[PDB]
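Derivation of every value follows stated rules applied to the coordinates shown; laboratory data play no part. Cβ atoms come from the backbone with ideal geometry, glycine included; neighbour counts cover every protein chain shown.
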Protein chains: 2
Amino acid sequence: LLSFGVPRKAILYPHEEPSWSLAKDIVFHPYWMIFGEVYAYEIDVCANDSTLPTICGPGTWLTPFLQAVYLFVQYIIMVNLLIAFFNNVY
Amino acid sequence: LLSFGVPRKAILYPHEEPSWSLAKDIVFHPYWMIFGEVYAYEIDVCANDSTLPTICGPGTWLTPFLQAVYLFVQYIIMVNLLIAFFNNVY
Ligand SMILES: CCCCCCCC/C=C/CCCCCCCC(=O)O[C@@H](COC(=O)CCCCCCCCCCCCCCC)COP(=O)([O-])OCC[N+](C)(C)C
Ligand SMILES: CCCCCCCC/C=C/CCCCCCCC(=O)O[C@@H](COC(=O)CCCCCCCCCCCCCCC)COP(=O)([O-])OCC[N+](C)(C)C
Ligand SMILES: CCCCCCCC/C=C\CCCCCCCC(=O)O[C@@H](COC(=O)CCCCCCCCCCCCCCC)COP(=O)([O-])OCC[N+](C)(C)C
Ligand SMILES: CCCCCCCC/C=C\CCCCCCCC(=O)O[C@@H](COC(=O)CCCCCCCCCCCCCCC)COP(=O)([O-])OCC[N+](C)(C)C
Ligand SMILES: CCCCCCCC/C=C\CCCCCCCC(=O)O[C@@H](COC(=O)CCCCCCCCCCCCCCC)COP(=O)([O-])OCC[N+](C)(C)C
Ligand SMILES: C[C@@H]1CC[C@@]2(OC1)O[C@H]1C[C@H]3[C@@H]4CC=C5C[C@@H](OCCC(CO)CO)CC[C@]5(C)[C@H]4CC[C@]3(C)[C@H]1[C@@H]2C
Ligand SMILES: [Ca+2]
């Protein structure tokens, strides 16, 4: 989760000062991704259907690649390993 | 994923020139479908609650049938096979 959250925030929000909101932003949306949410119209902030058009900038085309890797790891590896854990220890 | 993505794009967007955006569009939404997103108001683009009314045209009534088959295959067959793989190899 943190491996994803910290780059996502740093790439999309560079002009930020220190604040405790940084601690929420690196942890909040990545957690909710585990639970069926995708933030579809926040991926690819430079698209025409985007809800974050003010956030388009240099290097933002990276964040869809990052999130694709993130959810591959959490669901296809880690959620199913956890299912497999319980099935074999029940 | 590609078996679905290529027809979906071709039927809904016919008047397109060559571009590398075609490589994103055949792969992007089908991937996010695996992870709990449905794009509910983009199915049946000719409906009244649709968010893509400019995309209604000849042959677009096919894309709900395609997506129904797609998700049947990915979740009910392929995600559960993968769960069954891990449970039996753990
Ligand atoms: C993994 C590491 C990640 C990083 C974290 C490390 C650092 C941790 C940080 C620690 C200190 C944070 C200090 C915040 C100070 C400023 C807040 C402020 O001004 O008011 C905010 C209140 O915000 C709160 O009341 C936050 C309370 C602390 C958060 C919980 C700490 C973490 C542990 C949890 C343990 C349990 C977890 C679950 C497990 C059981 C008000 O903001 P708002 O109202 O929302 O918005 C403005 C609107 N307004 C006008 C109404 C005001
Ligand atoms: C399966 C087969 C599918 C088909 C693929 C085959 C072909 C592959 C293609 C390859 C070449 C693509 C060339 C694109 C050139 C144009 C881009 C451009 O103009 O700028 C874009 C940057 O876009 C990029 O920087 C894209 C970077 C390459 C994509 C990754 C390659 C695939 C491998 C990945 C490996 C890892 C995968 C994960 C696994 C670990 C800017 O666009 P934007 O900013 O978003 O929007 C405009 C806004 N603006 C005003 C700010 C500019
Ligand atoms: C070991 C594992 C290897 C995996 C294989 C490799 C994976 C395939 C790799 C890559 C596919 C091709 C990548 C994009 C091609 C270039 C895009 C481009 O030029 O412009 C686009 C930039 O768009 C971006 O920069 C975002 C790139 C898409 C990220 C895809 C992640 C999710 C899907 C991947 C995961 C599922 C993969 C399923 C595989 C079948 C936009 O077009 P434009 O003209 O620049 O601007 C349009 C204007 N607009 C922005 C305002 C609308
Ligand atoms: C992978 C196999 C090779 C595939 C093909 C080649 C791809 C590979 C390599 C190269 C592609 C990198 C360059 C793409 C530039 C296109 C976008 C552009 O025009 O400008 C970009 C700026 O970007 C920069 O200024 C630098 C960006 C790249 C540096 C970081 C490297 C990340 C990958 C390193 C590791 C990857 C290794 C991963 C291996 C799995 C985007 O910004 P903009 O669009 O100018 O936005 C203007 C916005 N404005 C108007 C508000 C100001
Ligand atoms: C399956 C058992 C049989 C069931 C009953 C019969 C069904 C079976 C057969 C036949 C039904 C096909 C004709 C439907 C036409 C109705 C829509 C219409 O009015 O025009 C259509 C145009 O469409 C065309 O011009 C041609 C469409 C059919 C060709 C492709 C065949 C696909 C299925 C072949 C394989 C299937 C096999 C699958 C087997 C599992 C849609 O366009 P429009 O509405 O005119 O839109 C106007 C928009 N405008 C105003 C912007 C311009
Ligand atoms: C392994 C883990 C990963 C790394 C990590 O944990 C361990 O390392 C920690 C360091 C933290 C920052 C240290 C100092 C400050 C300054 C403070 O300044 C108040 C400014 C204003 C408030 O409104 C009042 O003037 C704001 C918070 C900030 C930037 C921390 C954010 C969280 C960070 C990045 C944490 C991060 C999650
Ligand atoms: Ca969901």
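Quick one: in segment A:13-40, which of the residues that are surrounded by 14 or more Cβ atoms within 10 Å (Cβ to Cβ) and within 16 Å of ligand 6 (Cβ to nearest atom) is farthest from A:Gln67 (Cα to Cα)? Before the answer, list the steps.
Going through segment A:13-40, the residues surrounded by 14 or more Cβ atoms within 10 Å (Cβ to Cβ) turn out to be A:22, A:25-27, A:29-30, A:33-34, A:38-40.
Subsequent filtering for residues that are within 16 Å of ligand 6 (Cβ to nearest atom) retains A:22, A:25-27, A:29-30.
Working: A:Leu22: 19, A:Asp25: 15, A:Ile26: 13, A:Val27: 14, A:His29: 11, A:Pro30: 9 Å.
The selected residue is A:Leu22.
Does A:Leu62 meet the test of being farther than 18 Å from B:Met33 by Cα, touching a residue at least 12 places away in the same chain (Cβ under 8 Å) and near ligand 6 (Cβ under 10 Å from one of its atoms)?
In short, no.
Please state which of the following conditions A:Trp61 fails to meet, knowing it meets all the rest: (1) in a helix (DSSP H, G or I); (2) within 16 Å of ligand 4 (Cβ to nearest atom); (3) farther than 25 Å from B:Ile55 by Cβ.
(3)
Is it the case that some residue within segment B:73-80 is away from ligand 1 (no atom under 16 Å from the Cβ), farther than 21 Å from A:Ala47 by Cα, surrounded by 13 or more Cβ atoms within 10 Å (Cβ to Cβ) and within 14 Å of chain A (Cβ to nearest Cβ)?
yes
Per-residue answers, yes or no, for (1) more than 16 Å from ligand 2 (Cβ to nearest atom); (2) touching a residue at least 60 places away in the same chain (Cβ under 8 Å); (3) touching a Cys at 6+ places or on another chain (Cβ under 9 Å):
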| site | (1), (2), (3) |
| --- | --- |
| A:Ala23 | yes, no, no |
| A:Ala47 | no, no, yes |
| A:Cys56 | no, no, yes |
| A:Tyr70 | no, yes, no |
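So, in segment B:41-68, how many residues would count as being surrounded by 12 or more Cβ atoms within 10 Å (Cβ to Cβ) and away from chain A (no Cβ under 12 Å)?
First pass over segment B:41-68, keeping only residues surrounded by 12 or more Cβ atoms within 10 Å (Cβ to Cβ): B:41-47, B:50-52, B:55-57, B:60-64, B:66-67.
Next, from what is left, pick out any that are away from chain A (no Cβ under 12 Å): B:43-47, B:50, B:56-57, B:60-64, B:66-67.
The number of residues fulfilling the criteria is 15.
A:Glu16 versus (1) part of a helix (DSSP H, G or I); (2) farther than 30 Å from B:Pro53 by Cα: which is the lone unmet condition?
Every condition holds for A:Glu16 apart from (1).
Which condition does A:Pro30 not pass, out of (1) in contact (Cβ under 8 Å) with a residue 40 or more places away in the chain; (2) closer than 22 Å to B:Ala40 by Cβ, if it passes all the others?
(2)
Take the conditions more than 14 Å from chain B (Cβ to nearest Cβ) and either in contact (Cβ under 8 Å) with a residue 12 or more places away in the chain or in a loop (DSSP other than H, G, I, E, B) (or both) and apply them to A:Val38. Does it pass? Steps first, please.
Details: more than 14 Å from chain B (Cβ to nearest Cβ): no; either in contact (Cβ under 8 Å) with a residue 12 or more places away in the chain or in a loop (DSSP other than H, G, I, E, B) (or both): yes.
Taking the combined requirement at face value, the residue does not satisfy it.
For B:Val6, all conditions in the list (1) under 10 Å from the mean Cα position of the chain (by Cα); (2) in a loop (DSSP other than H, G, I, E, B); (3) more than 14 Å from chain A (Cβ to nearest Cβ) hold save one; what is the number of the exception?
It is condition (2) that B:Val6 fails.
Please determine, by comparing only the residues of segment A:19-30 that are in a helix (DSSP H, G or I) and more than 14 Å from chain B (Cβ to nearest Cβ), which one is nearest to A:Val79 (Cα to Cα). Quick ask: steps written out before the conclusion?
Just the residues of segment A:19-30 that are in a helix (DSSP H, G or I), to begin with: A:21-25, A:28-30.
Then drop every residue that is not more than 14 Å from chain B (Cβ to nearest Cβ), which leaves A:21-25, A:28.
Working: A:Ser21: 28, A:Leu22: 27, A:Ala23: 25, A:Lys24: 23, A:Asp25: 23, A:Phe28: 19 Å.
This residue is A:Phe28.
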